[PDB]
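Chain and residue survey
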Amino acid sequence: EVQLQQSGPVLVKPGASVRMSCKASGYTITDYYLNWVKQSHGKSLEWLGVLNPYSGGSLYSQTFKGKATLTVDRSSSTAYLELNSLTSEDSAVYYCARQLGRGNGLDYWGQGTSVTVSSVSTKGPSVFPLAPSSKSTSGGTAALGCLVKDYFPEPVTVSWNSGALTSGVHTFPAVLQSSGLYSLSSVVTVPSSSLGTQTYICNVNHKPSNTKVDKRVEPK
Amino acid sequence: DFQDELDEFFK
Amino acid sequence: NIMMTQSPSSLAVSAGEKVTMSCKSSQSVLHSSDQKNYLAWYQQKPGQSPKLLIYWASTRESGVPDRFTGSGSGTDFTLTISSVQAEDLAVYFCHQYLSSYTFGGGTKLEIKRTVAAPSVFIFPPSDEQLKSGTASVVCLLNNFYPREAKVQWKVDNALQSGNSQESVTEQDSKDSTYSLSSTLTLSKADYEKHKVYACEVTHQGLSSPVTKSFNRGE
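Residues numbered from 1 in each chain as written, not as in the entry; some residues may be left out. Chains lettered and ligands numbered in written order. Heavy atoms only, no water. Residues with missing side-chain atoms left out of burial classes, pairs and counts.

- Going by the header, the method for this PDB entry is X-ray crystallography, and the resolution given is 1.4000 Å.

Have a look at this one:
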(Lines give C-alpha, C1' and ligand atoms only; values in the text may rest on other atoms or scores of the structure.)
Protein backbone atom coordinates (compact mmCIF):
# COMPACT_ATOMS: atom_id res chain seq x y z
CA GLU A 1 0.00 0.00 0.00
CA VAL A 2 1.01 3.66 -0.41
CA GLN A 3 2.88 5.11 2.56
CA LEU A 4 4.59 8.40 3.39
CA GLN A 5 6.73 7.84 6.50
CA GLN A 6 7.84 11.05 8.16
CA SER A 7 10.64 11.38 10.68
CA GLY A 8 10.03 11.67 14.39
CA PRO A 9 9.37 14.63 16.66
CA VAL A 10 12.12 17.07 17.52
CA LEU A 11 12.90 19.87 19.97
CA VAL A 12 15.07 22.71 18.66
CA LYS A 13 16.23 26.05 20.08
CA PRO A 14 15.25 29.44 18.63
CA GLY A 15 17.61 30.50 15.86
CA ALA A 16 18.54 26.92 14.97
CA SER A 17 17.63 25.00 11.82
CA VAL A 18 15.95 21.64 11.46
CA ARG A 19 15.73 19.09 8.67
CA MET A 20 12.96 16.47 8.52
CA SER A 21 12.30 13.62 6.09
CA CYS A 22 9.38 12.02 4.24
CA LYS A 23 9.96 8.56 2.72
CA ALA A 24 7.65 7.35 -0.07
CA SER A 25 6.87 3.65 -0.45
CA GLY A 26 4.26 1.48 -2.12
CA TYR A 27 4.62 3.69 -5.22
CA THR A 28 7.32 5.37 -7.31
CA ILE A 29 8.18 8.76 -5.76
CA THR A 30 8.77 10.28 -9.21
CA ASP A 31 5.12 9.95 -10.29
CA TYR A 32 3.71 12.51 -7.80
CA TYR A 33 4.53 15.99 -6.62
CA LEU A 34 5.15 16.41 -2.89
CA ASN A 35 3.70 19.28 -0.86
CA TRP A 36 4.55 20.41 2.66
CA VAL A 37 1.80 21.81 4.89
CA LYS A 38 2.08 23.10 8.48
CA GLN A 39 -0.60 22.51 11.10
CA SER A 40 -0.11 24.82 14.09
CA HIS A 41 -3.30 23.80 15.86
CA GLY A 42 -6.26 21.60 14.99
CA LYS A 43 -8.12 24.37 13.14
CA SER A 44 -5.20 25.58 11.02
CA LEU A 45 -3.36 24.47 7.87
CA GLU A 46 -0.75 26.51 5.98
CA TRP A 47 1.03 25.52 2.77
CA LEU A 48 4.82 25.87 2.50
CA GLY A 49 5.46 24.76 -1.06
CA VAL A 50 5.76 21.84 -3.44
CA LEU A 51 8.60 19.62 -4.67
CA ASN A 52 8.92 17.89 -8.03
CA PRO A 53 10.71 14.67 -7.04
CA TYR A 54 11.60 13.89 -10.67
CA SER A 55 13.53 17.09 -11.34
CA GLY A 56 14.27 18.08 -7.74
CA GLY A 57 13.03 21.65 -8.20
CA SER A 58 10.49 23.31 -5.92
CA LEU A 59 8.01 26.16 -5.83
CA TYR A 60 7.62 27.95 -2.50
CA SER A 61 4.90 30.03 -0.96
CA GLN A 62 6.05 33.62 -0.63
CA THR A 63 5.47 33.20 3.12
CA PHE A 64 8.18 30.54 3.29
CA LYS A 65 10.65 31.80 0.65
CA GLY A 66 14.09 31.77 2.24
CA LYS A 67 12.69 30.02 5.33
CA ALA A 68 12.07 26.52 3.95
CA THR A 69 14.18 24.43 1.59
CA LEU A 70 12.87 21.30 -0.12
CA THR A 71 15.18 18.57 -1.41
CA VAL A 72 14.92 14.93 -2.50
CA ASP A 73 17.07 11.79 -2.45
CA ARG A 74 15.58 9.53 -5.11
CA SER A 75 17.81 6.51 -4.41
CA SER A 76 16.12 6.22 -1.01
CA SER A 77 12.87 7.82 -2.29
CA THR A 78 13.06 10.40 0.49
CA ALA A 79 12.04 14.07 0.45
CA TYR A 80 13.35 16.59 2.97
CA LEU A 81 12.18 19.88 4.44
CA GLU A 82 14.74 22.17 6.09
CA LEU A 83 13.58 25.20 8.09
CA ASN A 84 16.04 27.89 9.21
CA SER A 85 15.95 30.85 11.62
CA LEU A 86 13.45 29.04 13.78
CA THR A 87 11.16 30.96 16.15
CA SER A 88 8.55 29.85 18.65
CA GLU A 89 6.00 30.56 15.88
CA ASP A 90 7.50 27.72 13.81
CA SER A 91 6.36 25.08 16.34
CA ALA A 92 3.83 22.94 14.47
CA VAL A 93 3.21 19.58 12.89
CA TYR A 94 4.61 19.51 9.36
CA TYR A 95 2.97 17.20 6.81
CA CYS A 96 4.20 15.94 3.50
CA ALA A 97 1.38 15.25 1.06
CA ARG A 98 1.50 13.91 -2.47
CA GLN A 99 -0.29 15.42 -5.45
CA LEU A 100 -0.58 13.73 -8.84
CA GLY A 101 -0.72 16.91 -10.92
CA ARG A 102 -1.84 20.52 -11.15
CA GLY A 103 -5.56 19.84 -10.92
CA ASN A 104 -5.45 17.17 -8.23
CA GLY A 105 -6.08 17.36 -4.53
CA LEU A 106 -3.53 16.24 -1.94
CA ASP A 107 -4.53 12.59 -2.06
CA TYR A 108 -2.22 11.05 0.58
CA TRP A 109 -0.64 12.74 3.60
CA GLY A 110 2.19 11.54 5.81
CA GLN A 111 1.68 11.22 9.54
CA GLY A 112 3.38 14.55 10.25
CA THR A 113 6.50 15.60 12.11
CA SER A 114 6.04 17.59 15.32
CA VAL A 115 8.63 20.36 15.68
CA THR A 116 8.80 22.24 18.97
CA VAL A 117 10.94 25.39 19.07
CA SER A 118 11.78 26.31 22.64
CA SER A 119 14.57 27.44 24.92
CA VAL A 120 13.43 24.74 27.41
CA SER A 121 15.57 21.59 27.39
CA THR A 122 14.19 18.12 26.84
CA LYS A 123 13.09 16.09 29.84
CA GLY A 124 12.10 12.46 29.76
CA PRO A 125 9.06 11.25 31.66
CA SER A 126 8.78 8.99 34.62
CA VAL A 127 6.35 6.14 33.92
CA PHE A 128 4.27 4.85 36.82
CA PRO A 129 1.64 2.10 36.84
CA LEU A 130 -2.03 2.80 37.51
CA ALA A 131 -2.74 -0.57 39.00
CA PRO A 132 -6.17 -2.22 38.89
CA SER A 133 -7.73 -2.71 42.27
CA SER A 134 -11.10 -3.02 43.96
CA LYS A 135 -11.62 0.73 43.39
CA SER A 136 -10.96 0.48 39.67
CA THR A 137 -13.58 -2.19 38.93
CA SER A 138 -16.98 -1.65 37.33
CA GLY A 139 -19.15 -4.73 37.12
CA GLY A 140 -16.72 -7.42 35.96
CA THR A 141 -14.32 -4.94 34.36
CA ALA A 142 -11.11 -3.45 35.67
CA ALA A 143 -9.33 -0.28 34.59
CA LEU A 144 -5.54 -0.07 34.56
CA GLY A 145 -3.10 2.39 33.08
CA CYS A 146 0.17 4.24 33.10
CA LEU A 147 0.93 7.76 34.27
CA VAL A 148 3.60 9.42 32.12
CA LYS A 149 4.74 12.33 34.25
CA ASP A 150 7.04 15.33 33.83
CA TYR A 151 8.29 15.49 30.22
CA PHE A 152 9.10 18.07 27.61
CA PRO A 153 8.21 18.64 24.78
CA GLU A 154 5.21 16.90 23.34
CA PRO A 155 4.54 14.29 22.09
CA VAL A 156 4.72 11.09 24.15
CA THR A 157 3.34 8.03 22.36
CA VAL A 158 1.80 5.20 24.32
CA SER A 159 0.89 1.76 23.08
CA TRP A 160 -0.29 -1.29 25.00
CA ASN A 161 1.18 -4.76 24.53
CA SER A 162 3.25 -3.54 21.60
CA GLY A 163 0.09 -2.55 19.74
CA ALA A 164 -1.81 -5.82 20.29
CA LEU A 165 -4.13 -4.06 22.75
CA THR A 166 -6.09 -1.14 21.32
CA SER A 167 -9.72 -1.72 22.26
CA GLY A 168 -10.83 0.22 25.32
CA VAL A 169 -7.67 2.39 25.47
CA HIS A 170 -7.89 6.09 26.28
CA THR A 171 -4.64 8.02 26.02
CA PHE A 172 -5.53 11.43 27.32
CA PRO A 173 -4.34 14.81 26.08
CA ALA A 174 -1.36 15.94 28.10
CA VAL A 175 -1.71 18.66 30.74
CA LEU A 176 0.86 21.43 31.11
CA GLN A 177 2.04 21.57 34.73
CA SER A 178 3.08 24.80 36.41
CA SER A 179 6.70 23.65 36.04
CA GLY A 180 6.28 23.83 32.28
CA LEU A 181 6.48 20.03 32.03
CA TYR A 182 3.74 17.84 30.60
CA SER A 183 1.99 14.86 32.13
CA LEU A 184 -0.44 12.41 30.59
CA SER A 185 -2.23 9.21 31.45
CA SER A 186 -3.20 6.23 29.31
CA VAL A 187 -5.77 3.74 30.56
CA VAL A 188 -7.53 0.60 29.37
CA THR A 189 -10.53 -1.35 30.62
CA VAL A 190 -10.17 -5.14 30.62
CA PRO A 191 -11.97 -8.18 32.07
CA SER A 192 -11.43 -8.51 35.79
CA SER A 193 -11.66 -12.31 35.35
CA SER A 194 -8.40 -12.60 33.42
CA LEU A 195 -6.13 -10.24 35.39
CA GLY A 196 -4.16 -13.34 36.45
CA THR A 197 -3.60 -14.78 32.98
CA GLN A 198 -3.09 -11.69 30.82
CA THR A 199 -0.09 -9.39 30.86
CA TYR A 200 -0.54 -5.65 30.32
CA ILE A 201 2.50 -3.55 29.40
CA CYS A 202 2.41 0.11 28.44
CA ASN A 203 5.06 1.04 25.91
CA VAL A 204 5.99 4.68 26.33
CA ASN A 205 8.10 6.51 23.77
CA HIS A 206 9.35 10.07 24.13
CA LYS A 207 11.71 10.52 21.21
CA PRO A 208 13.28 13.90 22.19
CA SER A 209 14.61 12.44 25.47
CA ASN A 210 15.36 8.95 24.08
CA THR A 211 12.85 7.51 26.53
CA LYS A 212 11.61 4.06 25.63
CA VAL A 213 9.98 2.42 28.65
CA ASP A 214 7.93 -0.76 28.92
CA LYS A 215 6.04 -0.83 32.21
CA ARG A 216 4.18 -3.92 33.35
CA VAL A 217 0.95 -3.02 35.13
CA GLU A 218 -0.22 -5.66 37.60
CA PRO A 219 -2.95 -5.71 40.27
CA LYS A 220 -1.52 -3.97 43.33
CA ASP B 1 1.59 35.39 -11.31
CA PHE B 2 1.47 32.62 -8.67
CA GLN B 3 -1.31 30.81 -10.53
CA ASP B 4 0.95 31.02 -13.58
CA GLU B 5 3.96 29.86 -11.53
CA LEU B 6 1.93 26.78 -10.58
CA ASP B 7 0.88 26.22 -14.20
CA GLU B 8 4.52 26.33 -15.30
CA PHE B 9 5.78 24.22 -12.39
CA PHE B 10 3.31 21.37 -13.03
CA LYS B 11 3.71 21.26 -16.85
CA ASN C 1 -3.71 35.38 -1.65
CA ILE C 2 -7.16 33.80 -1.97
CA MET C 3 -8.81 33.72 1.48
CA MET C 4 -10.99 30.73 2.38
CA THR C 5 -13.71 31.09 5.03
CA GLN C 6 -15.69 28.18 6.46
CA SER C 7 -18.97 28.22 8.37
CA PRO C 8 -20.09 27.14 10.78
CA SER C 9 -17.10 26.75 13.07
CA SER C 10 -18.63 23.60 14.52
CA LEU C 11 -21.88 21.72 14.54
CA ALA C 12 -23.27 18.70 16.33
CA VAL C 13 -25.81 16.23 14.98
CA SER C 14 -27.15 12.79 15.77
CA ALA C 15 -26.16 9.86 13.61
CA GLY C 16 -28.39 9.69 10.54
CA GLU C 17 -28.90 13.44 10.15
CA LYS C 18 -27.85 15.44 7.10
CA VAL C 19 -25.32 18.24 7.48
CA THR C 20 -24.22 21.06 5.20
CA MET C 21 -21.13 23.19 5.71
CA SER C 22 -19.99 26.23 3.76
CA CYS C 23 -16.69 27.29 2.20
CA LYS C 24 -16.39 30.74 0.65
CA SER C 25 -13.40 31.93 -1.37
CA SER C 26 -12.43 35.60 -1.60
CA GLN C 27 -12.30 35.31 -5.39
CA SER C 28 -12.86 32.75 -8.13
CA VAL C 29 -10.96 29.46 -7.96
CA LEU C 30 -11.92 28.46 -11.52
CA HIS C 31 -8.93 27.27 -13.55
CA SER C 32 -9.44 28.38 -17.14
CA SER C 33 -7.41 25.81 -19.08
CA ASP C 34 -9.62 22.96 -17.82
CA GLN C 35 -12.66 24.89 -16.49
CA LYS C 36 -12.36 23.17 -13.09
CA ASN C 37 -12.82 24.89 -9.73
CA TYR C 38 -9.55 24.05 -7.98
CA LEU C 39 -11.27 23.42 -4.67
CA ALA C 40 -10.70 20.39 -2.47
CA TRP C 41 -12.25 19.11 0.74
CA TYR C 42 -10.40 17.11 3.40
CA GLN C 43 -11.52 15.19 6.47
CA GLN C 44 -9.19 15.11 9.47
CA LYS C 45 -10.21 12.72 12.22
CA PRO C 46 -8.71 13.20 15.70
CA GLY C 47 -5.06 12.22 15.80
CA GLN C 48 -4.99 11.37 12.08
CA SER C 49 -3.65 13.10 8.98
CA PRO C 50 -6.09 14.78 6.59
CA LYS C 51 -7.84 12.58 4.04
CA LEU C 52 -8.85 13.91 0.61
CA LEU C 53 -12.62 13.71 0.06
CA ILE C 54 -13.45 15.92 -2.93
CA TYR C 55 -11.51 17.72 -5.62
CA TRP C 56 -12.59 19.96 -8.51
CA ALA C 57 -15.24 21.14 -6.01
CA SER C 58 -17.54 18.20 -6.80
CA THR C 59 -15.58 15.07 -7.79
CA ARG C 60 -15.43 12.41 -5.08
CA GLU C 61 -12.06 10.80 -4.48
CA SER C 62 -11.83 7.03 -4.96
CA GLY C 63 -12.95 5.12 -1.89
CA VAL C 64 -14.82 8.11 -0.45
CA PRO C 65 -18.36 7.08 0.61
CA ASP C 66 -21.22 8.37 -1.52
CA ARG C 67 -22.66 10.23 1.50
CA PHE C 68 -20.05 13.01 1.02
CA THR C 69 -20.88 15.39 -1.81
CA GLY C 70 -19.21 18.63 -2.83
CA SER C 71 -21.11 21.33 -4.70
CA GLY C 72 -20.96 25.00 -5.60
CA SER C 73 -19.34 27.41 -8.01
CA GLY C 74 -17.99 30.91 -8.17
CA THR C 75 -16.97 31.73 -4.62
CA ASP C 76 -19.61 29.68 -2.75
CA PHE C 77 -18.96 26.02 -2.03
CA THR C 78 -20.67 23.39 0.09
CA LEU C 79 -19.86 20.00 1.59
CA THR C 80 -22.92 17.86 2.36
CA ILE C 81 -22.92 14.66 4.41
CA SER C 82 -26.23 13.02 3.61
CA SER C 83 -26.49 10.67 6.61
CA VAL C 84 -23.90 11.32 9.30
CA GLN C 85 -22.20 8.26 10.82
CA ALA C 86 -20.61 8.20 14.27
CA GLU C 87 -17.20 7.73 12.64
CA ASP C 88 -17.59 10.93 10.63
CA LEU C 89 -16.61 13.16 13.54
CA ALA C 90 -13.68 15.18 12.25
CA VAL C 91 -12.60 18.64 11.25
CA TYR C 92 -13.50 19.26 7.60
CA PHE C 93 -11.26 21.66 5.67
CA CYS C 94 -11.62 23.27 2.29
CA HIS C 95 -8.60 24.12 0.16
CA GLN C 96 -8.07 26.14 -2.96
CA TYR C 97 -5.14 25.30 -5.20
CA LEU C 98 -5.75 27.75 -8.04
CA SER C 99 -3.14 30.13 -6.61
CA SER C 100 -0.68 29.82 -3.70
CA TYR C 101 -2.47 27.15 -1.74
CA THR C 102 -4.73 28.25 1.10
CA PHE C 103 -7.09 26.41 3.42
CA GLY C 104 -10.22 27.29 5.30
CA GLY C 105 -10.26 27.31 9.09
CA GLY C 106 -12.22 24.07 9.37
CA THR C 107 -15.69 23.01 10.47
CA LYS C 108 -15.66 20.62 13.43
CA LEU C 109 -18.41 17.99 13.17
CA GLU C 110 -19.38 16.54 16.55
CA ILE C 111 -21.87 13.74 17.26
CA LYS C 112 -24.91 13.86 19.55
CA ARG C 113 -26.02 10.69 21.37
CA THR C 114 -28.00 9.62 24.44
CA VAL C 115 -26.89 10.50 27.94
CA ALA C 116 -24.33 8.07 29.36
CA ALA C 117 -23.10 8.29 32.95
CA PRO C 118 -19.34 7.82 33.50
CA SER C 119 -17.83 4.71 34.99
CA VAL C 120 -15.56 6.05 37.73
CA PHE C 121 -12.24 4.55 38.86
CA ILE C 122 -9.60 5.78 41.30
CA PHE C 123 -5.91 4.88 41.43
CA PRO C 124 -3.61 5.40 44.41
CA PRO C 125 -0.05 6.50 43.74
CA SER C 126 2.35 3.75 42.79
CA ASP C 127 4.91 2.61 45.31
CA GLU C 128 7.60 3.54 42.79
CA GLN C 129 6.42 7.15 42.66
CA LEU C 130 6.08 7.35 46.45
CA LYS C 131 9.73 6.33 46.82
CA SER C 132 10.62 9.52 44.90
CA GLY C 133 8.80 12.02 47.17
CA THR C 134 5.55 12.74 45.26
CA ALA C 135 2.08 11.22 45.24
CA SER C 136 -0.17 11.43 42.19
CA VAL C 137 -3.71 10.15 42.66
CA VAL C 138 -5.71 9.59 39.47
CA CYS C 139 -9.49 9.63 38.96
CA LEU C 140 -10.82 8.24 35.67
CA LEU C 141 -14.26 8.95 34.23
CA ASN C 142 -14.87 6.53 31.38
CA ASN C 143 -17.18 6.72 28.37
CA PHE C 144 -19.72 9.38 29.27
CA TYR C 145 -21.89 11.82 27.34
CA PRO C 146 -22.35 14.82 27.20
CA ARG C 147 -18.82 16.06 27.73
CA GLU C 148 -19.54 18.33 30.71
CA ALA C 149 -18.50 16.66 33.95
CA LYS C 150 -17.18 17.84 37.27
CA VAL C 151 -14.56 16.24 39.50
CA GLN C 152 -14.01 17.28 43.09
CA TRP C 153 -11.17 15.78 45.10
CA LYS C 154 -11.75 15.28 48.84
CA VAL C 155 -9.12 14.22 51.36
CA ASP C 156 -10.74 13.00 54.59
CA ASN C 157 -13.78 14.95 53.33
CA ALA C 158 -11.87 18.23 52.90
CA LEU C 159 -12.46 19.73 49.45
CA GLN C 160 -9.17 20.21 47.60
CA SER C 161 -8.29 23.20 45.45
CA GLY C 162 -5.22 24.18 43.49
CA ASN C 163 -3.53 20.78 43.36
CA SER C 164 -5.22 18.93 40.50
CA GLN C 165 -5.26 18.98 36.69
CA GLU C 166 -7.61 17.25 34.27
CA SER C 167 -8.14 16.66 30.57
CA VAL C 168 -10.88 15.21 28.42
CA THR C 169 -10.43 13.04 25.37
CA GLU C 170 -11.64 13.74 21.88
CA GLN C 171 -15.01 12.16 21.18
CA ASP C 172 -14.96 8.42 20.48
CA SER C 173 -15.51 7.52 16.82
CA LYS C 174 -17.57 4.42 17.67
CA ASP C 175 -19.70 5.17 20.73
CA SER C 176 -19.58 8.98 20.64
CA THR C 177 -18.55 9.26 24.30
CA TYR C 178 -15.80 11.14 26.11
CA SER C 179 -13.50 10.15 28.92
CA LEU C 180 -11.71 12.30 31.47
CA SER C 181 -8.65 11.90 33.69
CA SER C 182 -7.92 14.05 36.73
CA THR C 183 -4.68 13.93 38.74
CA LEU C 184 -4.36 15.21 42.30
CA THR C 185 -0.65 15.76 43.10
CA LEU C 186 0.62 16.00 46.69
CA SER C 187 3.99 15.72 48.30
CA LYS C 188 4.59 12.31 49.85
CA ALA C 189 4.72 14.01 53.26
CA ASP C 190 1.26 15.52 52.79
CA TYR C 191 -0.15 12.35 51.23
CA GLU C 192 0.78 10.30 54.27
CA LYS C 193 -0.99 12.70 56.65
CA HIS C 194 -4.46 11.54 55.55
CA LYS C 195 -6.53 8.36 55.19
CA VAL C 196 -9.44 8.70 52.76
CA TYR C 197 -8.75 9.84 49.18
CA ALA C 198 -11.95 10.47 47.24
CA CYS C 199 -13.00 11.69 43.88
CA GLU C 200 -16.54 12.94 43.65
CA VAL C 201 -18.08 13.08 40.18
CA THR C 202 -21.09 15.07 38.95
CA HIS C 203 -22.54 14.46 35.49
CA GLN C 204 -25.89 14.70 33.74
CA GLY C 205 -26.33 10.94 33.83
CA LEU C 206 -26.04 10.89 37.65
CA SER C 207 -28.83 12.10 39.92
CA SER C 208 -26.40 12.52 42.83
CA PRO C 209 -22.59 12.76 42.85
CA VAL C 210 -20.74 9.44 42.67
CA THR C 211 -17.77 9.00 45.00
CA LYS C 212 -14.94 6.54 44.46
CA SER C 213 -12.39 6.39 47.20
CA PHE C 214 -9.65 4.39 48.83
CA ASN C 215 -8.02 4.31 52.24
CA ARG C 216 -4.29 5.00 51.95
CA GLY C 217 -2.05 2.07 52.78
CA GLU C 218 -4.70 -0.65 52.55
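We are not done yet, so read on.
**Examining the domain arrangement of chain A**
All names here are of chain A.
- When its domains are assigned, chain A resolves into domain 1 (3-117) and domain 2 (126-215).
- The C-alpha centroid of domain 2 is placed 31 Å from the C-alpha centroid of domain 1.
- Facing the 4 residues of domain 1 at the interface are 6 residues of domain 2.
- Together domain 1 and domain 2 conceal approximately 420 Å² of surface at their shared face, both sides included; 77% is due to carbon and sulfur atoms.
- For the interface between domain 1 and domain 2, the tally reads 0 salt bridges.
- One can count 0 residue pairs in polar contact joining domain 1 with domain 2.
- Looking at side-chain class alone, the side of domain 1 that touches domain 2 contains 2 nonpolar, 2 polar and no charged residues. (Domains from an automatic or database assignment. Contact = heavy atoms within 4.5 Å. Buried area = accessible area lost by both parts, 1.4 Å probe. Salt bridge = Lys/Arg side-chain N within 4 Å of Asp/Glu carboxyl O. Polar contact = N/O pair within 3.5 Å; in protein donor to acceptor, adjacent residues only side chain to side chain. Nonpolar A, V, L, I, M, F, W, Y, C, P; charged D, E, K, R; others polar.)

**Here's the deal with the nonpolar core**
- Membership of the largest hydrophobic core comes to 50 residues, with the highest contact counts inside it found for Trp41(C) and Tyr92(C).
- Considering every element that reaches this core, the biggest residue donor is strand β11 (residues 90-96) of chain C, with 5 residues.
- Discounting residues that sit within four places of it in the chain, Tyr92(C) has contacts with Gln6(C), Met21(C), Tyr42(C), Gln43(C), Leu53(C), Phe68(C), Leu79(C), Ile81(C), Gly106(C), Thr107(C) and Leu109(C).
- If you look at the next biggest cluster of nonpolar residues, it comprises 26 residues, including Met20(A), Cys22(A), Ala68(A) and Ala92(A). (Core = buried A, V, L, I, M, F, W, Y, C linked by side-chain atoms within 4.5 Å. Buried < 20%, exposed > 50% of the residue type's maximum accessible area, 1.4 Å probe, protein only. Helix = DSSP H or I, 4+ residues; strand = E, 2+ residues; numbered from the N terminus.)

**Concerning the interface of chain A and chain C**
- With 45 residues of chain A at the contact, the number on the chain C side is 49 residues.
- The junction of chain A with chain C conceals about 3,700 Å² of combined surface from both sides, 58% of it contributed by carbon and sulfur atoms.
- When residues of chain A are sorted by the area they lose upon contact with chain C, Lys43(A), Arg102(A) and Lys135(A) head the list and together hold 18% of the total.
- On the surface where chain A and chain C come into contact, there are 1 salt bridge.
- Between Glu128(C) and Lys215(A) there is a salt bridge, and its shortest N-O distance comes to 2.8 Å.
- Our count for the contact surface shared by chain A and chain C stands at 21 residue pairs in polar contact.
- Within the residue set of the side of chain A that touches chain C, elements represented by two or more residues are β4 (33-39), β5 (46-51), β9 (92-99), β12 (126-130), β13 (137-138), β14 (141-151), β17 (175-176) and β18 (182-191) of chain A.

**Observations regarding the state of the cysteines**
All names here are of chain C.
- Tallied over the full model, the rule gives 4 disulfides over all chains.
- Each sulfur in the disulfide pair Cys 23 and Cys 94 lies 2.1 Å from the other. Torsion about the S-S bond of the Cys 23 and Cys 94 cystine: about 80°, corresponding to right-handed handedness. Taken together, the residues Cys 23 in strand β3 (residues 19-25) and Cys 94 in strand β11 connect sequence positions 71 residues apart.
- We classify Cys 23 as buried; its relative accessible area is 0%.
- Paired by a disulfide, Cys 139 and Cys 199 hold their sulfur atoms 2.1 Å apart. Measuring the twist about the S-S bond at about 65°, one finds the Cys 139-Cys 199 disulfide to be right-handed. (Disulfide = S-S within 2.5 Å.)

**What to know about the sheet that holds strand β10 (residues 76-81) of chain C**
Residue and element names in this part refer to chain C.
- With antiparallel pairing, 4 strands are arranged side by side in an open sheet as β1-β3-β10-β9. Lying at the two open borders of the sheet, with one neighbouring strand each, are β1 (4-7) and β9 (68-73). Put simply, the sheet's adjacent strands are angled 20° from each other on average, direction ignored.
- As paired strands, β9 and β10 are joined by 6 bridges and run antiparallel to one another. Looking at the pairing, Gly 72 lines up with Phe 77 of β10. (Pairing = 2+ DSSP bridges. Axes fitted to C-alpha atoms, helices over the stretch in contact; angles between N-to-C directions.)

**Observations concerning the sheet that holds strand β3 (residues 18-25) of chain A**
Residue and element names in this part refer to chain A.
- Pairing is antiparallel across the open sheet formed by 4 strands, whose spatial order is β1-β3-β8-β7. Pairing within the sheet leaves two strands with one partner each, and these edge strands are β1 (3-6) and β7 (68-73). Sheet twist, expressed as the average angle between the axes of neighbouring strands with direction ignored, equals 20°.
- As judged from the 4 bridges shared by β1 and β3, these two strands associate in the antiparallel manner.

**A short note on the interface of chain A and chain B**
- Taken together, the 14 residues of chain A in the interface contact 8 residues of chain B.
- Those elements that provide at least two residues to the side of chain A that touches chain B are β5 and β6 (58-60) of chain A.
- Considered class by class, the residues forming the side of chain A that touches chain B number 6 nonpolar, 7 polar and 1 charged.

**As for the domain arrangement of chain C**
Residues and elements named next belong to chain C.
- Each assigned domain of chain C is listed here: domain 1 (4-112) and domain 2 (116-215).
- Each of domain 1 and domain 2 has a C-alpha centre, and these two points are 39 Å apart.
- Opposite the 7 residues of domain 1 that make contact, domain 2 presents 8 residues.
- In total, about 570 Å² of surface goes out of reach between domain 1 and domain 2, with carbon and sulfur atoms giving 51% of it.
- Counting across the interface, domain 1 meets domain 2 through 0 salt bridges.
- Here domain 1 is connected to domain 2 by 2 residue pairs in polar contact.
- Residue composition of the side of domain 1 that touches domain 2, grouped by class: 4 nonpolar, no polar and 3 charged.

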